[PDB]
Amino acid sequence: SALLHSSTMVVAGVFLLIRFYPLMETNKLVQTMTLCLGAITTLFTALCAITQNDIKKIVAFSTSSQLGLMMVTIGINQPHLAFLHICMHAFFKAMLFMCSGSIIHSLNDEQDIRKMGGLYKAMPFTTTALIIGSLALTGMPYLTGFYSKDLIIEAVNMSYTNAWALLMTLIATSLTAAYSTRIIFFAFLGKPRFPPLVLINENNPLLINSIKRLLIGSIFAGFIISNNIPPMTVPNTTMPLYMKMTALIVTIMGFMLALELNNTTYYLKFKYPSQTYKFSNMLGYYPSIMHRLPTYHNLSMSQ
Amino acid sequence: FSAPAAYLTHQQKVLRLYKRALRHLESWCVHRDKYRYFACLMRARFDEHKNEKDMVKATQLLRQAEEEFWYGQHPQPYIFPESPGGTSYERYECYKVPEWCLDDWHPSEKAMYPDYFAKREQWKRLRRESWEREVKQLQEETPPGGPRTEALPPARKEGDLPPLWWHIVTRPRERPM
Amino acid sequence: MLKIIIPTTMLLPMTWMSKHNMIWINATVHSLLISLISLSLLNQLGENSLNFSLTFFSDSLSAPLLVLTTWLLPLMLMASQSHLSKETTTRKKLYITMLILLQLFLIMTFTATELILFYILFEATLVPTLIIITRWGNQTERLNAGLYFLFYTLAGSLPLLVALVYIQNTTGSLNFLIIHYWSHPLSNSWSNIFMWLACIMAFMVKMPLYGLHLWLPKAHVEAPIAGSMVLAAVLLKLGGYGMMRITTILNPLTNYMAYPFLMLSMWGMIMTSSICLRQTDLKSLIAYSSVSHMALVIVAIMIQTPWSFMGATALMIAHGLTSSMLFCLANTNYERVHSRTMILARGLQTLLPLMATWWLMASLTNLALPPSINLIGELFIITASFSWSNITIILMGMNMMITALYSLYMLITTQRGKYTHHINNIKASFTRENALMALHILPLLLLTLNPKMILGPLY
Amino acid sequence: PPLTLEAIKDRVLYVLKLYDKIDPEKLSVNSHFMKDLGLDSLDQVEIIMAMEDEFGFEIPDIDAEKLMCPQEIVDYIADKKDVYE
Amino acid sequence: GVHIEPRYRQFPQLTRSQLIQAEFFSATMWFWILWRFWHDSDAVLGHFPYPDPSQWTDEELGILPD
Amino acid sequence: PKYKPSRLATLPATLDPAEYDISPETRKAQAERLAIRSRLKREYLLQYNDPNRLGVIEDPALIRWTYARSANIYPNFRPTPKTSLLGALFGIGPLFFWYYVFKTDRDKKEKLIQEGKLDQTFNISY
Amino acid sequence: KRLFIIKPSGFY
Amino acid sequence: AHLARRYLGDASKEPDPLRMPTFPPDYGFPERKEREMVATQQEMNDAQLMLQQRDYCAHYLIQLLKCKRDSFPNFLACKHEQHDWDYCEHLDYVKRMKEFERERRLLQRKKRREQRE
Amino acid sequence: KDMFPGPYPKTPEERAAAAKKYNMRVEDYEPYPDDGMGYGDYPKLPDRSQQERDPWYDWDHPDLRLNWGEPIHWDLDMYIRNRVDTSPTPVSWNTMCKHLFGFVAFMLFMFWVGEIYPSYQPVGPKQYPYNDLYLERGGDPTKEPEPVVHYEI
Amino acid sequence: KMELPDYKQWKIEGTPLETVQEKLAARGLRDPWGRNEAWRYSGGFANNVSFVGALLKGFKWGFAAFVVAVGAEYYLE
Amino acid sequence: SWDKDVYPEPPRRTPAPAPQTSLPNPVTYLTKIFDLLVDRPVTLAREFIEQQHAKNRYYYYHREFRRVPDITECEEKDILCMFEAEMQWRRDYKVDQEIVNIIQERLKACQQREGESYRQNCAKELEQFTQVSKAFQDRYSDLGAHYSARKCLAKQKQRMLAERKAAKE
Amino acid sequence: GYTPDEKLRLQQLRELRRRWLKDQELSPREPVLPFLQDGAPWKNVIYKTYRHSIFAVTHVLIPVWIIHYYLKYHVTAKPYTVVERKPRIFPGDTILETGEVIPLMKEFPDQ
Amino acid sequence: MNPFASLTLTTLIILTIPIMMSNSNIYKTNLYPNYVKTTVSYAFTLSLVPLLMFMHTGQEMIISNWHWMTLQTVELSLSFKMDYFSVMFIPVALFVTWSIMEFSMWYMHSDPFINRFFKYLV
């Protein structure tokens, strides 16, 4: 999942669209379709990720959201920016997945965040790596995320774009910080909830070295790549200040709201699920009705 | 596992609901302290009707609790990693190779582990020797219209092994690797 | 061409006079040698066909099929060794002779210059196939399957015989060369329409067409492994070859008369692949997959575009190899478990790893994984149909999806999951079985390197 | 780190000791929860949940309802984890 | 390889190198952010002021008097 | 609220009213079902744990299932009006529909070709 | 403890 | 802002981005000098500049590309050249902003003429 | 031979014999309705997936969750764990479908509205030199383009 | 062998479990597994940083490096 | 080796390197290393094999076919002349296909070479390919899978009749 | 709970199972069928730099030599095989034919 | 430009060497994952060279080494379009895969078919 379905296989479609950018620029309907589609994916996948109890599931939904952001970038007719985002995402999301794998291995195949806790100090190295990676994923300034995502948001705002697609991208940006706060608070922070017989041990040269390499990448590759590649996109130099800072503002809003809800989780107040929570946690019910009705009809008709 | 029963008693059904309710509540209450607080409150609710004697009333209460459980069911409850539905469920199933394949090993392969296969032959002899008594014992303890329950009898007399024991005893290890 | 025909004939006295311990060995040796000799025919000229004599000729369409048959015979012998090992020497020699006669007939069919000679031999192929199916079948449905196959083929062929004799009376010659050089367009008269139907229906029956494909499941399932191999590798391609030859004198009436058969095949591929999805018998699933893959070739032939014909030839060769391999794998599993129910044997990957790898590669070829010749042919046909009508892509892509689905479903159900506990007779794979699978796979993957050979005369 | 029979027993008795309703002084490997101790049916379900959460493997209800003796729980865990020592 | 011994109900052993590397890389990230921001903040903040319509006049824009 | 079961979402036993029936006849029926299950299980175990047995344990249920799915289909088939109607509408219906669609498309393209409107600038492969 | 691992025959 | 003044406000007086430019360039402005292109067509083709980037600031960008090619291995020795390019692009975007408001004030003035008549 | 599926049971005696053949209780046994579809006397087992079956019960076939000799569902292949699942869901089927379809429809409607009222910046169209790069953008060199002059503002 | 620690040492005292116990005592109930969950809220596990605190990991040293680096440039320029 | 007339390659214009930074270009050192460690031994092996080839110097010739009477100058049932003409037509068909391929190669090479200026700097190549495409399509298209010289003759005759009708109007 | 018969059977089965598991334990040795290729060549050959460099040679030097040599049979032989994008020309000097060009400039207000 | 083509082809070709060696004893030995990792690392180092050349100049090329088949007027040939996207993505993908392979060597250490796993990754 870390290699194929986080950084290489999943980006294949976006690469296909980028490779045909000279042709895609000619047509206009296709650009709008890509834009709207990507907006839908970002919103839906991030919304589902907010209420996922499996760490790998949260990371995978984050990957889907990122790919949707790249598709939106294609909708803004900004292919090179999308490719740059592909590179940066490959750098940091793979590190996030490796940290999740380390957590799972140390906790003896415990993938449910509800039974993971107090990992901030138990695994300092993977904690640092996850922190840096999540910050980059949320577009922390002067990180791999800052040199692609922030530019993508800026381009989307400063362009003739479907209004609702732009809105969905911005809302999705807050949800990005939300699921990051989820995978930080409910896993690394808090009190331990894992079973007894603590076997936590990340003192492995291979794991440390791999995550270290991806760390150095996540911290400096964005700057290096952006400052080395020849200029290919005309920048939106003059921009309203609030539009310029919108990415950071939305990220901060998401972080604050998610942390607030996580703190309220501490409060001894059990409450029954909301219908919206059921919708999000059931993945919008899509894998239920869209995986039973069509298959049933097809197989029954066939027989 | 253990031999199944024809039906579940009302007491058994309530106990099953009790475990499910607590586990779902634990799934809801991520923090341990939060769960422990509400666990006792839920336990009290069961204690409130522990005295309840009327079976019709108790059955009516059971129906309501299950309806409440479904409405309060956690959409994504925690499942143990190796439990059915877990992430690691059936993960090592492929590595589990039946023991009868060892008899198909080439003599060279059996030479690589001589002591083990020698002990394996002893196990084979044990199975054949006891098999006749196993079937005979089952017939003696079998009701007229065959067995009505899947429960199997133990070894009544010394020198005999529990009937139908080979597969249970020689089953694959949890982690073959 | 006698450099191939005469040794094939000489196989028969060898097999009859070979020692009981050397029958299979001698047959396999000299069959492989004959395939090596047949390899020379692949050196086709750019324009002119290799007209060896007045009676025998070859082109870039006939040569791949000839090589395929000469190569298929040894593998059929190897597969037949297992089940025909308790048979008496005379009957084993009889089976070998039936196979040799079938190969000889097919060679002559693919090389015959005269249309009536082709008809004679292509209908002569029924006798050995019928005998093989009815005599050496394992079930009780073998008799009914043989009846169905024989009667379907004859009901198709007899009007073709009448039509061919009519053409001989009118045109004056049935030689393919003369028939092609002296081609005359057909009108839209009812007489011409019925002549076209008579000339097309027999080959439509030969390569299973939706509606007339009922014989194929029975034949393939009931027939012995070798018989199924020929049935799904060459005997079906006989229809395609004959149709491609006979369409030369069936134009422009083909444009008007193709629509019924075209729609039948385009919907039939989807229908048969969906049937594959919900099959309980392994051999039946393989047979229905064959039906779909052959419906693709039927569409390609009906469209009559050069790309379609190239893709048709490539698909025919590829499908022959793949279907033969799939039947061989199913035969090995069946021999071990003595049942054809797909759900009976599960998790065979753990017990037999190498055979599982063979299964994987065969299934990948079945789903047309690039750059396999299967995909080359399928893609060429898809492009030709897209040129014919853009709407075709819908059905073509859906059929691709269903093919991938049912192939991977077969792989998962058989070579994945928890092993069946009670089945304890699954012994290690024999060297012969692995060699059979290798001799099925390696040639195909090598053919992918130089597809030009199997791309037909329109390359 | 293979769990040993003695280790499994130690952890089981540990969980039972941390249970305030179970007095540690009379806590024995053969202290039937329903007979030797005063634990009721809900207490049996609770202790089963505690054991399964501590060892991280779900105990089936049909098996759980018939696990009363602490040694029975220990040996069942040993069987599930394939512990022969 | 039993360098780390498993505990039962206690926080695990944390080797010195683990903590040193974790803190070093976290501090490296923070230093990188601060260094880049001090060197260049326009990327985050702005480089050129955003003009306003009121700034331009009708004659400056070219709008003739009614 | 309550849970409404569907064909693809069955009603769970916990919400099933029949599960809570403790009448004597239902208990006897459950006993009989368990008896049949136990008998079949005992037979399978006896064959399965037999050291002498070296082969597949034939399952009559599987044979019956395979037979009914293929062999017994036609013998029980009756030309009812429902069967005839459904067979017609799913056999020739789709064929006619696809024929109409493809014929219309082909005729449109041919019309464009005849008037030269259809673009074939680099359509040199067909 | 080195434990025998039941495997299918790999020689063939 | 301007969207609300066009979607929920007076769309007639609010400039339509696709329609713009609508009022003639000579109308209103007494005289307007045309923009001058520093670089030449052939120069753009020689630099193989993207058509999107072949704008009225192409000269600064070409100098930036030249310095960057020469600066390599150092990739931090063209900040001044980059600054010149984005400054020109800043002016171009400002000019476009003025074009929007030029149509804007003209549209209201057009209504004022209607009010007068 | 008598252990093979037969025709639709007509007399109650036939029904009992069929029930015995399939190892089912006479009360439980139910043939498919005699619609002429070729089902015959095969039992109409409950249409529930193998996933619904108790995962803790010891099945003779664990992966399929089935017992030897147990009557097999007609559509077992469809109802395998790897295929269509009919297990109960937390939310009711109608509600789940309503929520999914409503969400999709609302998304589509709002995207159409956003297309009606797009988001744009208050700037004029970007200006390019050489007649909007006519010649650069594959313009006929022989045919002089219409003049595109941009003035300084 | 891992040395299973004392079982008596696990006490809800101070831990939020005790606060829960006080709330239950007000209701008239007593938590029965307080000591079992004590280890989670005991030892080094008891003290954990907040979200904002966690994100600022290394900032002190990083800021110190930043200040030193800024001063180093000025001295060297 | 090949005919630059058939395969036009515009004269290369590589700019002169003018480094403006003291830092040494890694590319230069890497290229020197690559040359010394790879190109040199490869060139030496090439030289040895070329010597071996020079020793065993033999030539292969190009077969040329004389022109044969076309299907137009052929009797109705004269199968001998028809065979000759059909073979000639098929040879010419192959040659025309290869001409199309050559022009396509030119077009693709232009697309890659001109980079971002491909649209304006490949007009000649695009026009050439368009011409060749038009000609090839008019001569050989819709003939069918069983194409023949008679079919091209029929298509040409139909085209000529249509041209006559158009010119008469 | 467990019926006495069931409990007794569980005990007996557990005893036999544990015996089976103990049987599933490798003997002190697992006879390894009898390395002439790894004798003197692998006796005490260099285990650091030789190993690293021989891996490097076989995996890059030989492939790179083969591919660069294949260029001699591929790009030099067939036309339009390796097409390089025309080098971008910024106002300056070329190599084959030299020559220079330079455009005009606008007023430079500030950095 | 000549080293550009050579290196760009060599990266992909070197990536294939482990798959070829999967037929040797190295596959059976426990060194196969390490050999795979080192091969990927060396290939990434090689991929850096065309990246540096492209950064210095912008070199982009297409390499149609082998001609597959000429379908009438359509010629199919194995052609590697080495441009900005490919020349930059190859290093990123190789570096990520290198890190992932090290992590797999740790995480999948106990896996019975770890050699198969690494071969599949390659």
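Should a chain be cited, it is by its letter among A, B, C, D, E, F, G, H, I, J, K, L and M, assigned in written order, with residues numbered from 1 in that chain.
Throughout what follows, a residue touches a chain if its C-beta (ideal position, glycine included) is under 8 Å from a C-beta of that chain, and two chains touch if they have at least 3 such contacts.
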Query raised in the report: Can you list every chain that touches subunit A and also touches subunit L?
Result: B, D, H, M
Query raised in the report: Would you say C-M or H-L is joined by more C-beta pairs in contact?
Result: H-L
Requested in this report: Averaged over CA atoms, how far is the centre of subunit C from the centre of subunit H? Could you give it in whole Å?
Outcome: 68
Report summary line: Note: subunit K sits from subunit D at a C-alpha centroid distance in Å of 83
Query raised in the report: Just how far, in Å, is the C-alpha centre of subunit M from the one of subunit F?
Result: 46
Report summary line: Separation of the C-alpha centres, subunit B versus subunit H, in whole Å, is 75
Requested in this report: Two or more other chains in contact with one residue: find those residues in subunit J.
Outcome: 2, 4, 10, 20, 23, 30, 32-34, 39-41, 44-45, 57-58
**Report entry** Where subunit H touches two or more other chains at once, by residue number
**Finding:** 3, 17, 29, 32, 45, 48, 50-51, 55, 65, 69, 72-73, 75, 86-87, 90, 93-94, 97-98, 101-102
Requested in this report: For subunit I, write out the residues touching at least two other chains, lowest number first.
Outcome: 56, 60, 68, 76-78, 84-86, 89-91, 93, 96, 117, 119-120, 135-137, 153
**Report entry** Sites on subunit D touched by subunit L in the complex
**Finding:** 34, 65-68, 72, 75, 78-79, 82, 84-85
Query raised in the report: Inside the complex, what are the residues of subunit B that reach subunit C?
Result: 90, 93-98, 100-101, 104, 167
**Report entry** Contact footprint of subunit K on subunit H as seen in their complex
**Finding:** 45, 48-51, 67, 70-74, 77
Report summary line: As the complex stands, subunit D meets subunit B at residues 40-42, 44-46, 48-49, 52, 56-58, 60-66, 80-82
Report summary line: subunit A residues touching subunit D in their complex are 108, 195-197, 199
